[PDB]
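Here the structure is laid out as structure tokens; the discussion comes afterwards.
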Amino acid sequence: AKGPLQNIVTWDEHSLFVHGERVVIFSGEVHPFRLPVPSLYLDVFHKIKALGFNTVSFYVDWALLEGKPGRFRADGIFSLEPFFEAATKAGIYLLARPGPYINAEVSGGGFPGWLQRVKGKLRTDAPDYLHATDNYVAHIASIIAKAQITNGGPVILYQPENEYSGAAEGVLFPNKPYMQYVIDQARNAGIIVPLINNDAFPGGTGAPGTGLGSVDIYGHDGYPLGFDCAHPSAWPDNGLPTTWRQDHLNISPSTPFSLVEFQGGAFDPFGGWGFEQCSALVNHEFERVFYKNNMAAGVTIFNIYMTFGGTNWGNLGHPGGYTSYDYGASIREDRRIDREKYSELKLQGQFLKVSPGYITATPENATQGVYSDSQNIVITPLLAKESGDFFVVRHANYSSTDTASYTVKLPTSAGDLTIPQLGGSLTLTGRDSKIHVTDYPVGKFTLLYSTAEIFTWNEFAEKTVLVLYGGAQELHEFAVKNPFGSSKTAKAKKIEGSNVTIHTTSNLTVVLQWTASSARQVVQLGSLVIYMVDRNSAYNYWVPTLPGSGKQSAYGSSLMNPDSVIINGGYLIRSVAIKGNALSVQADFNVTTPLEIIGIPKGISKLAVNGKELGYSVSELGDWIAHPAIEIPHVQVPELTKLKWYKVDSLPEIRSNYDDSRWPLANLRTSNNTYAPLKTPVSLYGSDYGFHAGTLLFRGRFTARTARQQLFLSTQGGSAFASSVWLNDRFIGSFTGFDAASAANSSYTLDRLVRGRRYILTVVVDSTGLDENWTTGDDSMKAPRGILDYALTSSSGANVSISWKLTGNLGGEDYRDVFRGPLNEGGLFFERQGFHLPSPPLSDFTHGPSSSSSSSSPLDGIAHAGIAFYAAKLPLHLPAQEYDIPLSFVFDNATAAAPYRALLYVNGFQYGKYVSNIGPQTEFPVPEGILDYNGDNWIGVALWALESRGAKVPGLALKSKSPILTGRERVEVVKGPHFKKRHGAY
Ligand SMILES: *[C@@H]1O[C@H](CO)[C@@H](O[C@@H]2O[C@H](CO)[C@@H](O[C@@H]3O[C@H](CO[C@H]4O[C@H](CO)[C@@H](O)[C@H](O[C@H]5O[C@H](CO)[C@@H](O)[C@H](O)[C@@H]5O)[C@@H]4O)[C@@H](O)[C@H](O[C@H]4O[C@H](CO)[C@@H](O)[C@H](O)[C@@H]4O[C@H]4O[C@H](CO)[C@@H](O)[C@H](O)[C@@H]4O[C@H]4O[C@H](CO)[C@@H](O)[C@H](O[C@H]5O[C@H](CO)[C@@H](O)[C@H](O)[C@H]5O)[C@@H]4O)[C@@H]3O)[C@H](O)[C@H]2NC(C)=O)[C@H](O)[C@H]1NC(C)=O
Ligand SMILES: *[C@@H]1O[C@H](CO)[C@@H](O[C@@H]2O[C@H](CO)[C@@H](O[C@@H]3O[C@H](CO[C@H]4O[C@H](CO)[C@@H](O)[C@H](O[C@H]5O[C@H](CO)[C@@H](O)[C@H](O)[C@@H]5O[C@H]5O[C@H](CO)[C@@H](O)[C@H](O)[C@@H]5O)[C@@H]4O)[C@@H](O)[C@H](O[C@H]4O[C@H](CO)[C@@H](O)[C@H](O)[C@@H]4O)[C@@H]3O)[C@H](O)[C@H]2NC(C)=O)[C@H](O)[C@H]1NC(C)=O
Ligand SMILES: *[C@@H]1O[C@H](CO)[C@@H](O[C@@H]2O[C@H](CO)[C@@H](O)[C@H](O)[C@H]2NC(C)=O)[C@H](O)[C@H]1NC(C)=O
Ligand SMILES: CC(C)S[C@@H]1O[C@H](CO)[C@H](O)[C@H](O)[C@H]1O
Ligand SMILES: *[C@@H]1O[C@H](CO)[C@@H](O)[C@H](O)[C@H]1NC(C)=O
Ligand SMILES: *[C@@H]1O[C@H](CO)[C@@H](O)[C@H](O)[C@H]1NC(C)=O
């Protein structure tokens, strides 16, 4: 790596530059494959843009786009085109991360299952691995090359590989010819923007100056609280990073300090704590302490992993997680933005994008008792000669929940000052951190200093507006250099409030002190107006940007200090636009509120909200106060217990009349799997036959030699898998599973056999996905699914032979549903036939009345070990044009009940794997778009009873959240194919 290849995106020691403008890149992670509704990408981008972010980072999952080797497919819900269109419509730029290896808590870490048939070590220069990646990278890097900013699209940065940071003992690391082959595949496909990487810690791998294999910008990661959410109020001793500014200078001083993945929540395993508990550990207090600690090191490329997580639909997840990927993130799985951490993150994003002096100040070592007399606080300075200083204040023990009183002694253009200058003490309450400034520019005005934090500021036609905030009951002080210009007449004017005090010095510096509360203070100094609010009021302010013109209109006038309107009130402001003499606002409301508009453009005299004209009062400052109609209705949804349910047996294999002559034979006498050498006469691994998704079945034939025989069976499905075994139609037993078991050794007696007669063993093995491969040189993704070993012995000790057949999803790598993708279906009978699809063939099902002997409802269930599938029509007629109403399906977990596993289907898409004896998930959200809110829907529930007594669902209900009055763009329903009879099915 030797410099940029184009002039649109460039960099230096301090920052990136875009179209020649220095910018702080503040980015959120979103994964397109975890939200398969193209018309909702714009809703998520409106919510990230309103935080004050300018960028989104995204993975691409190889396993979804090349499920058959040699056939790349990215159409319909798998296309990136509507994701790229929505980024341009919202005015957001993108960091593309296509792998080939992505980790991401997805099945295989992104590697398709057919890589288990590749002999050489993954993520090395073994030639069989390298040549297996060539077709995927050629197609995906060419799609992303067309969407680059150099061709008028949103793509500004590209990451090759993922977290390439160490290796197993006796494996070459770093392997520099391997790193350079990965970079060459991307360059050869047309990628010309800069390359960035994401090292696990500051190890220096791939940094500029390391020769063969190096990227353009060196990046690293940080997850200082780790991933166990057991104790959400405990922060470890020594858990805060204090060496990253020095480590950056030691490794790559020539490029911007970059955190390519920094903690925005945590993943959670089967048997874990739930994402509500993860959101309480990684909360608004975590954000203000740890994120301002990264600003104290001078970060200028900063991405939050995850910002919106979405859902692991259609088996796309790994065994180490379950269906939800909410992550405890700032935007929830259902797209609501009510968590307090969303409102706190907005305060930080709007401050940085109005503060260009931050980029060029130089960070220095942390100090104690230098910038304050107090030794109970620590202060890290960022210094510059004239353009402004910043100071990040925290408790000396970073974990402290105590309140500290303090003063500061700060350098300014008027000399060193102890502040407050008008008397009194500052306060730092528990788990808080503050940025104080000196010589901070506000358009044509200058703040000599401020202790209160800056939300936003802008210059308008008739005034300049500044918005400052403090936590409630905190004393704050700030000073403004002479705001009156020439006039030795002019004086301050108090417009609102009775707590603020104003003192003027003889050189006309104006000093203001106030105590923050619910009651806003407002003061006018000449044409400068200052609004002084508490933190909780600042949470409801918004700063939408005014559009420019042409294809790039949503990117506004510039990325830093853009033309804007300031709005006080509302659950979300999405956008503003000018049309003749009217200002038009798109907004969402979850509660009643007025709206106050500050900074009306010149010549505008009418107001509309969501397409409707309304009147307004005018304040003496020229702000407009308006009262939109907000009705929040009572919503009624259909009761699921009252639908007309139909039922079909989904284990016909154990019946005497069953014909398996269409099933694949398991007759491979050798395997290419080098990680798990064969212990059996033939391979019983699903991936050796093309089956990589969901449940597997095996059928083993033997001739009885004695009346009693003993069976040893070793099975493997991934963490929290289960397996069940039948001998003809007789149930033998289940391994019922637990969070800590990925494999099981079982021993069963097969009794009462007739000598000389043929018997068939049916073995069902669930898979919860393919494992990741995060240590290069340990091929852990190749751990097989199915049967690892077995022995069948007569009562005299002789060995008895078994011959085998097997199946996963119908067709394997030749998968049948091209619209919904290669992983959506597993191998259970109802899936192979397509009976999960809309408009199923009801003459192949049964119907009977609930709470009777012949019930066809999942609330009544089945009375023996086995597997049944249930389907019903669900009509919806909700006011989706005017309201956003989030819907979810809820299972009741009733302490005393037999163990079972369930699968949830909606309009043909699998939207849940429920495991009653492992948990933690009971509530399953499904998005508008997969659901039709004004038409018929088809719902599906598979039920697998693990014990001899059978099982039932104790309760199942549809739940709504409080409705949101909405100005989003309309959601289009995803039109997946309905049932059609499948030729060659079994
Ligand atoms: C419906 O409601 C019912 C209740 O009526 C719910 O059922 C209950 O569900 C829970 C949760 O699944 C069950 O509790 C777990 O049981 C596990 C199996 O225990 C059996 O097998 C054990 C192993 O052989 C055996 O030791 C056990 O013996 C003990 O307990 C029995 C009591 O039955 C007793 O007789 C014995 O004397 C002995 O004391 C037992 O026979 C068990 O493995 C689980 O252990 C974990 O939790 C407890 C703490 O809560 C710990 O003390 C353990 O050390 C262990 O800790 C791991 O897991 C937690 C939680 O995630 C984590 O915080 C730990 O750090 C540790 O993590 C690591 O291991 C786990 C695997 O165990 C991995 O997943 C992790 O992996 C990832 O995570 C890391 C970050 O954390 C990340 O860094 C890694 O990269 C990543 O891989 C870590 O490796 C529990 O005890 C109940 O048994 C069950 N109760 C009943 C009555 O049935 C049901 O869940 C509900 N359903 C729904 C839908 O909600
Ligand atoms: C419509 O949409 C809006 C958003 O637009 C939603 O409003 C949000 O609703 C959520 C859910 O209720 C709110 O979050 C929860 O907030 C509570 C209440 O505490 C907050 O508000 C009060 C003012 O009423 C503040 O005083 C609180 O701040 C103090 O306490 C916190 C510690 O919690 C501390 O960090 C602060 O610095 C501050 O401490 C100072 O004062 C205290 C006095 O107590 C003093 O002792 C100390 O020394 C300092 O002086 C806070 O801002 C809060 O209890 C909850 O937290 C708990 O749970 C979460 C997990 O869920 C944990 O992370 C946490 O650790 C706690 O255990 C939540 O944070 C959110 O604030 C609110 N947002 C807005 C903008 O209003 C609506 O809900 C939506 N409505 C519908 C119908 O959809
Ligand atoms: C730093 O401050 C934290 C939080 O106040 C201290 O954590 C407390 O530690 C004590 C004793 O270990 C416990 O009884 C409390 O329950 C802890 N509180 C919380 C919120 O976790 C911590 O001990 C201090 N560490 C140092 C090195 O002083
Ligand atoms: C521990 C990190 C440095 S690797 C980091 O971990 C994340 C955890 O959610 C995801 O798996 C990312 O894909 C991986 O890059
Ligand atoms: C193993 O490797 C080679 C790759 O060329 C392939 O031709 C062969 O069919 C594979 N064998 C098995 C058992 O997968
Ligand atoms: C099962 O038994 C074999 C010995 O046959 C042993 O090698 C393996 O570790 C065991 N697996 C489990 C999950 O106990």
Inset, instruction - Report, by residue number, each residue of segment 519-551 that is more than 24 Å from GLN348 (Cβ to Cβ), out of contact with any helix residue (DSSP H, G or I) (no Cβ under 6 Å at 6 or more places or on another chain) and not hydrophobic (A, V, I, L, M, F, W, C). - result: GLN524, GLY526, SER527, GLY548, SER549, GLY550, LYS551
Inset, instruction - Kindly indicate whether any position in segment 760-778 is of a type outside the set (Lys, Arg) and within 16 Å of ligand 5 (Cβ to nearest atom). - result: no
Legend entry - segment 557-590: number of residues that are within 23 Å of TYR531 (Cβ to Cβ), assigned to a loop (DSSP other than H, G, I, E, B) and under 27 Å from the mean Cα position of the chain (by Cα): 3
Inset, instruction - Just give me the residues in segment 400-448 being closer than 20 Å to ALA384 by Cα, in contact with a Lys or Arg (Cβ under 6 Å, 6 or more places away or on another chain) and touching a residue at least 12 places away in the same chain (Cβ under 8 Å), in sequence order. - result: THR446, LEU448
Inset, instruction - Please work out if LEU240 is farther than 30 Å from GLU825 by Cβ, surrounded by fewer than 21 Cβ atoms within 10 Å (Cβ to Cβ) and either out of contact with any strand residue (DSSP E or B) (no Cβ under 8 Å at 6 or more places or on another chain) or not basic (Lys, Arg) (or both). - result: yes
Legend entry - Which numbered condition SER719 misses (of (1) buried (at least 24 other Cβ atoms within 10 Å of the Cβ); (2) within 16 Å of ligand 1 (Cβ to nearest atom)): (1)
Legend entry - segment 785-798 residues that are over 17 Å from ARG752 (Cβ atoms), paired with ones that are outside any loop (DSSP other than H, G, I, E, B) and of a type in the set (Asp, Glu) (beta carbon under 9 Å, 6 or more apart): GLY786/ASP688
Legend entry - Options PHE53, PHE72: the member that is in contact with a strand residue (DSSP E or B) (Cβ under 6 Å, 6 or more places away or on another chain) and part of a loop (DSSP other than H, G, I, E, B): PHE53
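Here is a yes/no grid of residues against (1) in contact (Cβ under 8 Å) with a residue 12 or more places away in the chain; (2) among the small types (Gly, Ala, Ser); (3) away from ligand 5 (no atom under 16 Å from the Cβ):
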position: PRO628; (1), (2), (3): yes, no, yes
position: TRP645; (1), (2), (3): yes, no, yes
position: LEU651; (1), (2), (3): yes, no, yes
position: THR674; (1), (2), (3): yes, no, no
position: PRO681; (1), (2), (3): yes, no, no
position: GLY690; (1), (2), (3): yes, yes, no
position: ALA743; (1), (2), (3): yes, yes, yes
Inset, instruction - Could you tell me which of the residues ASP216, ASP184, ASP221 is more than 16 Å from ligand 2 (Cβ to nearest atom), within 25 Å of the chain's Cα centre (by Cα), of a type in the set (D, E, K, R) and in the same structural domain as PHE26 (by CATH)? - result: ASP221
Legend entry - Options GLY848, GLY826; residue that is of a type in the set (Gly, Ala, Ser), closer than 30 Å to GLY76 by Cα, away from ligand 4 (no atom under 16 Å from the Cβ) and part of a loop (DSSP other than H, G, I, E, B): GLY826
Inset, instruction - Kindly indicate whether any position in segment 434-443 is surrounded by fewer than 15 Cβ atoms within 10 Å (Cβ to Cβ), on the phi > 0 side of the Ramachandran plot, in the same structural domain as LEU525 (by CATH) and over 34 Å from the mean Cα position of the chain (by Cα). - result: no
Legend entry - Count of segment 263-296 residues which are under 19 Å from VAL30 (Cα atoms) and among the aromatic types (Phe, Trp, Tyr): 2
Inset, instruction - Could you list, in sequence order, all residues of segment 230-250 that are more than 16 Å from ligand 4 (Cβ to nearest atom) and hydrophobic (A, V, I, L, M, F, W, C)? - result: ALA230, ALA234, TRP235, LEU240, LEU249
Inset, instruction - Please tell me if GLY526 is of a type outside the set (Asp, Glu), over 42 Å from the mean Cα position of the chain (by Cα), outside the structural domain of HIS19 (by CATH) and under 30 Å from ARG288 (Cα atoms). - result: no
Legend entry - Flag for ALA516 being surrounded by 17 or more Cβ atoms within 10 Å (Cβ to Cβ), touching a helix residue (DSSP H, G or I) at 6+ places or on another chain (Cβ under 8 Å), in the same structural domain as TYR469 (by CATH) and over 21 Å from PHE589 (Cβ atoms): yes
Inset, instruction - Considering each residue of segment 85-100, count those that are in contact with a strand residue (DSSP E or B) (Cβ under 8 Å, 6 or more places away or on another chain) and not in a strand (DSSP E or B), and give that number. - result: 5
Legend entry - Residue in segment 119-156 that is farthest from ligand 4 (Cβ to nearest atom), counting only those that are out of contact with any strand residue (DSSP E or B) (no Cβ under 9 Å at 6 or more places or on another chain), assigned to a loop (DSSP other than H, G, I, E, B) and on the phi < 0 side of the Ramachandran plot: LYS119
Legend entry - Evaluation of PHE351 against (1) under 24 Å from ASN293 (Cβ atoms); (2) touching a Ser or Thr at 6+ places or on another chain (Cβ under 8 Å); (3) not assigned by CATH to the domain that holds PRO236 (one fails), failing number: (3)
Inset, instruction - Could you tell me whether any residue of segment 51-59 is in contact with a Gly (Cβ under 8 Å, 6 or more places away or on another chain), surrounded by fewer than 24 Cβ atoms within 10 Å (Cβ to Cβ), under 30 Å from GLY812 (Cα atoms) and not polar (S, T, N, Q)? - result: yes
Inset, instruction - May I ask you to list pairs of residues, at least six apart or on different chains, whose Cβ atoms are under 6 Å apart, with the first in segment 361-373 being in the same structural domain as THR300 (by CATH) and the second being basic (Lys, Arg) and surrounded by 13 or more Cβ atoms within 10 Å (Cβ to Cβ)? - result: none
Inset, instruction - With the condition kept exactly as written, say whether any residue in segment 488-501 is within 41 Å of the chain's Cα centre (by Cα), farther than 18 Å from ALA50 by Cβ and crowded, with 17+ Cβ neighbours inside 10 Å. - result: no
Legend entry - Residue within segment 320-336 that is farther than 30 Å from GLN910 by Cβ and away from ligand 4 (no atom under 16 Å from the Cβ) present: no
Legend entry - Conditions (1) among the small types (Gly, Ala, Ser); (2) buried (at least 18 other Cβ atoms within 10 Å of the Cβ); (3) assigned by CATH to the domain that holds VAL765; number of the one not met by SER796: (2)
Inset, instruction - Find the strands (runs of 3 or more DSSP E) located wholly in segment 189-305 whose residues include 2 or more that are farther than 29 Å from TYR539 by Cβ, and list them. - result: 219-222
Inset, instruction - Report the residue count in segment 929-957 for those that are buried (at least 17 other Cβ atoms within 10 Å of the Cβ) and outside any loop (DSSP other than H, G, I, E, B). - result: 12
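All of this is worked out from the model, or read from it or from the source named; these are not laboratory values. Using ideal geometry, Cβ is built from the backbone for each residue, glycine included, and neighbour counts are taken over all protein chains shown.
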